[PDB]
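Notes follow the structure.
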Amino acid sequence: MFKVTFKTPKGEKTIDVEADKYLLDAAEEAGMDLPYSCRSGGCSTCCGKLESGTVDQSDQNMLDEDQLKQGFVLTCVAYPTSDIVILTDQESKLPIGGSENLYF
Ligand code: FES
């Protein structure tokens, strides 16, 4: 199965994840209470960030192309597609942005 290293605030561990199991679910089953809210791809609570490897997160409904290229992942709807190293609890890192903060 793929091996996924989850790097959390409280430590790291590496676990098996099947191709048809979402990251969040695997992590929870291995004792890691990762953040989540909606569990359906429509918020940023579960965001993680890929150090290495790939996911299938086609049901994600938050992230733009930039953000995807930066390795952001909605862990509640992400299947592994390779061995992975992922940082959890990364929502701070996602810029708020908006139409009133245009950075000049
Ligand atoms: S918990 Fe809302 S997108 Fe994952």
Side-chain angles (χ1 to χ4, degrees):
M1 279 179 269
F2 300 119
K3 287 291 191 180
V4 181
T5 304
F6 291 87
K7 298 190 176 191
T8 82
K10 284 171 179 34
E12 68 190 66
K13 81 150 83 169
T14 304
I15 70 179
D16 289 345
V17 186
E18 301 85 334
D20 67 346
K21 181 170 297 283
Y22 297 133
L23 298 182
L24 175 62
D25 297 306
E28 286 175 336
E29 291 155 13
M32 293 174 284
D33 291 287
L34 303 189
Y36 73 93
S37 189
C38 76
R39 284 188 102 96
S40 67
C43 80
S44 58
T45 303
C46 72
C47 198
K49 203 161 180 303
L50 296 161
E51 175 181 302
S52 58
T54 54
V55 299
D56 170 8
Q57 59 174 325
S58 69
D59 285 336
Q60 81 81 14
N61 206 38
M62 288 291 293
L63 303 170
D64 70 10
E65 196 78 359
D66 286 330
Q67 296 157 346
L68 293 164
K69 291 165 122 171
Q70 288 172 246
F72 291 103
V73 181
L74 302 189
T75 61
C76 69
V77 286
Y79 295 124
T81 59
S82 71
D83 290 346
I84 286 155
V85 181
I86 190 170
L87 291 162
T88 70
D89 297 73
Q90 297 292 292
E91 190 181 26
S92 308
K93 285 208 167 49
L94 256 186
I96 298 174
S99 57
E100 302 192 338
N101 180 186
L102 297 179
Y103 306 103
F104 212 54

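Every heavy atom of this structure was used, including side-chain atoms; hydrogens, water molecules and symmetry mates were not. Counting begins at 1 with the first residue of the sequence.
Applying the salt bridge (charged side-chain N to carboxylate O under 4.0 Å, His left out) rule to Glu28 yields the partners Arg39; only residues at least two apart in sequence or on another chain are considered. Evaluation of the salt bridge (charged side-chain N to carboxylate O under 4.0 Å, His left out) rule for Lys49 yields no partner, not counting sequence neighbours. Scored by the salt bridge (charged side-chain N to carboxylate O under 4.0 Å, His left out) test, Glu18 finds no partners at all (sequence neighbours excluded). Not counting sequence neighbours, the partners of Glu91 by the side chain to side chain donor-acceptor pair (under 3.5 Å) test are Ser44. Partners of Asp16 by side chain to side chain donor-acceptor pair (under 3.5 Å), not counting sequence neighbours, listed by chain and number: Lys3.
Using a distance-only test at 3.5 Å, with no hydrogens or angles considered, no donor-acceptor pair links the side chain of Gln67 to the main chain of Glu65. Not a single donor-acceptor pair under 3.5 Å links the side chain of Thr45 to the backbone N or O of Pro35.
Pairing each heavy atom of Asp89 with each of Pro9, the nearest pair is OD1-CD, 3.4 Å. Scanning both residues, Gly41 and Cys76, for their nearest heavy atoms gives N-SG, 3.6 Å.
Rounded to the nearest 0.5 Å, atoms NZ (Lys21) and CE (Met1) are 10.0 Å apart.
Residue pairs that meet the salt bridge (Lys or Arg N to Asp or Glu O under 4.0 Å) test with at least one member in residues 4-14, sequence neighbours left out, are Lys7-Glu51. Residue pairs meeting the ring-ring contact (aromatic ring centres under 6.0 Å, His included) criterion with at least one member in residues 81-104: none, sequence neighbours excluded. Counting only residues at least two apart or on different chains, no ring-ring contact (aromatic ring centres under 6.0 Å, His included) pair has a member in residues 37-65. A ring-ring contact (aromatic ring centres under 6.0 Å, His included) check over residues 39-65, counting only residues at least two apart or in different chains, returns nothing.
Hydrophobic clustering, defined by side-chain heavy atoms of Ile, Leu, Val, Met, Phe, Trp and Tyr closer than 4.5 Å, leaves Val85 isolated from every other such residue. Other members of the hydrophobic cluster containing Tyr22, listed by chain and number, are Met62, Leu63, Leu68, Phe72, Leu74, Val77, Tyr79, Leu94; membership follows side-chain contacts under 4.5 Å among ILVMFWY residues, whether direct or relayed. Through side-chain heavy atoms spaced under 4.5 Å, either directly or across other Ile, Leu, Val, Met, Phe, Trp or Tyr residues, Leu24 is tied to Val4, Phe6, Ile15, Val17, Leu23, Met32, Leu34, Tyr36, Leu50, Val55, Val73, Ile84, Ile86.
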